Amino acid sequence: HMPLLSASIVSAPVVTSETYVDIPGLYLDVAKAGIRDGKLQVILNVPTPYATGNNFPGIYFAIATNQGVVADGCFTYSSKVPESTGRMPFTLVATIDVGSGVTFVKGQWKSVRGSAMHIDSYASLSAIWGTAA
C-alpha cells in the first residue's frame, strides 16, 4: 500500500469543550487502507491555532485511536488575557503499533480553562506506515 497517509482541513468549528472532541476532517481510516499491523508514525500539525478566553487561554491537542488518546500536549499564553491572542504553532508526534487493535487515527482537542479553540486555516494529520516484515 502507499505508506504515506494524510488528511488536511482549512478550518474547523469554534469549539469550547471540557473533554477531548474530534477535530472534524483530521481522521485517517487505517483499516480502510488494509493496514492491520506494523507501526504508524503520526504527526498532528496545527501550525496556526489560537485560543480566546479570560484565564491564560490555550488548547490541549491529542492523537487518538479507536482505543483512546495515545499522546497529548498543549500551548498556553503567558498572560491572563493576552492583548491579542497570537497564533501558536503546535505539532505532536507519536508512533503507534497497528497490531494492538488500531483501525483509525484522529486529531482531538479540549479547552484550557474554558478557552474557545480556533483553527481557521491549514492543519493536517499525517502518518507513515512501517512494517518489520
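Residue numbers here begin at 1 and follow the sequence given.
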Could you settle it for me: does 99 to 107 or 23 to 31 have the higher average Cα B factor in the PDB entry? 99 to 107
Once you work out the mean C-alpha B-factor for both 32 to 40 and 72 to 80 from the entry, which is higher? 32 to 40
Sorting by Cα B-factor within the chain, modelled residues only, which third would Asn45 end up in: lowest, middle or highest? lowest
Determine, from the deposited record, the chain-internal third of the Cα B-factor for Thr91: lowest, middle or highest. lowest
